[PDB]
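Take a look at the structure set out below.
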Amino acid sequence: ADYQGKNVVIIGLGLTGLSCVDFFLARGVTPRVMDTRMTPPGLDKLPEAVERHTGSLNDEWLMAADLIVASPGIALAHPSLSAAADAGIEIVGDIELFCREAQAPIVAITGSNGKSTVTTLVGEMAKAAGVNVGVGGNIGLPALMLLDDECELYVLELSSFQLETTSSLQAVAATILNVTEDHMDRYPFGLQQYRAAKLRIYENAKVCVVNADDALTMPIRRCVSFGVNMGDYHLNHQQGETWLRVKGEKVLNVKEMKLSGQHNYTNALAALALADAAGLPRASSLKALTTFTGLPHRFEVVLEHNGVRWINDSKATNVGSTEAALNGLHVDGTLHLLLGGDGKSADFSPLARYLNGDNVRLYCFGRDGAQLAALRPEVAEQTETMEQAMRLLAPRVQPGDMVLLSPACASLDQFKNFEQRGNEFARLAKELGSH
Ligand SMILES: N#Cc1ccc(COc2ccc3cc(S(=O)(=O)N[C@H]4CC[C@@H](C(=O)O)C[C@H]4C(=O)O)ccc3c2)c(F)c1
Ligand SMILES: [Cl-]
């Protein structure tokens, strides 16, 4: 693509918007930047030569543009963007800009749950093969920060929002891991509209990897599949042991993995299918499955002391992810479950089936705390903040108990990001969980 001479407007700053600014400047194009936030992150890092408009959108700038580069954090359906689209003004995002430039194959991963774990695992599979790999997207670096002539493979985590603005992805291997209700605040035509955004990832993919157990992951109209009891890649249970299999052949006894739990085993299958499709050697891919320890904030034991396990699952930002933490969970004593934040208009009802019995207490906070407490009011407490919830539950914790932050919500109503929520939980767990 050639941007020389174009009037380019970037909506959204932060590290990603900065990477877009830097991308254009390095190509001799000075873009303009706008952000609905008065003081967005990275503002002090924006060179003064770049004009900026903050605190609102500027329709004079948008309607004047030759190209609008929209952060995934702004809806295409925003009236100002729909007006520009109606006028024939091209709108793309950073992932589109990246795909037009990339000179190595791309493995592309989306889904409601599991996408960071699978992206990271395929990255580690590539590293173990000695491949020069760039891993990022919706995690790690913004994708444009990965671009490098020496890179031999890119592995991108892509969100539904990024996919809505991307048209030139031709992945060597692409997956939707699963589709469960999320982001309803951004999808007023509901689950199928969200699904449609993720289905874009398969367009012009060489290999599509689908979840045999989740029909919403399949194109509307020749994919490789993974699943539990069925799929090209599947699990084989042998007498209190589980194996990863490919078409009937055992490839790994999961006792060799550091990750545990069925959904992490299907994550491993999906990662293997993608790596296989990308041409990585099977042996080194399997080795990476044995070395990978997990991501921070993803069902992470932050303290195990005095008979109590404190688990930071701050990355559980939707109902499906909390369900994955709760389904089959073993707790000797009482589960003290922290829920709360911005639930993005989700129905939390599917969680209620895990919340019966005498051994569960809920501590509900943030914007949607009241809705969460309503799952089972008899065992629920509501506070404004997560710190208040922790200070309330800690005196009640007994040897054998579990304290689980798996909040089913985004963090942005009260936190910078889910990592800050997790770090704050870990600090408080260490304070409250020893004498
Ligand atoms: N104009 C403008 C403008 C343009 C961009 C931004 C910010 O850049 C983004 C880019 C993506 C965004 C995505 C969401 S989200 O509702 O999908 N929430 C997710 C990202 C934050 C995560 C966290 O809690 O750390 C949770 C996550 C999720 O999936 O819930 C929410 C806000 C997001 C903001 C912005 F704040 C303003
Ligand atoms: Cl029980």
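Sequential numbering from 1 along the given sequence is applied to the chain's residues. Any value given below was found using the heavy atoms of this structure, including those in side chains, with hydrogens, waters and symmetry copies removed. Note that ligands are numbered from 1 as they come in the structure, with each ligand's atoms numbered from 1 the same way.
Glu304 and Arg309 are not joined by a salt bridge, as no carboxylate oxygen comes within less than 4.0 angstrom of a charged side-chain nitrogen. Salt bridge absent: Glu164 and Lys198 never bring a charged side-chain N and a carboxylate O closer than 4.0 Å.
Side chains of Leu335 and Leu329 form a contact here, defined as non-hydrogen atoms less than 4.5 Å apart. Counting only heavy atoms from C-beta outward, the side chains of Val50 and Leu25 approach each other to under 4.5 Å.
The local environment of CZ in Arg353 is sparse, with at most 12 non-hydrogen atoms from other residues, nucleotides or ligands closer than 6.0 Å.
Cation-pi geometry between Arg186 and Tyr194 is not satisfied (NZ or CZ under 6.0 Å from the ring centre, within 45° of the ring normal).
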Could you list, one pair per line, each nitrogen or oxygen of ligand 1 together with any protein nitrogen or oxygen closer than 3.5 Å, giving atom names and the distance rounded to 0.1 Å?
unit_1: ligand 1; atom_1: 1 (N); unit_2: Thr36; atom_2: N; d: 3.1
unit_1: ligand 1; atom_1: 1 (N); unit_2: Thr36; atom_2: OG1; d: 3.2
unit_1: ligand 1; atom_1: 8 (O); unit_2: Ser71; atom_2: OG; d: 3.4
unit_1: ligand 1; atom_1: 17 (O); unit_2: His183; atom_2: ND1; d: 3.2
unit_1: ligand 1; atom_1: 24 (O); unit_2: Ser411; atom_2: N; d: 3.0
unit_1: ligand 1; atom_1: 24 (O); unit_2: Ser411; atom_2: OG; d: 2.8
unit_1: ligand 1; atom_1: 25 (O); unit_2: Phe418; atom_2: N; d: 2.7
unit_1: ligand 1; atom_1: 30 (O); unit_2: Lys344; atom_2: NZ; d: 2.7

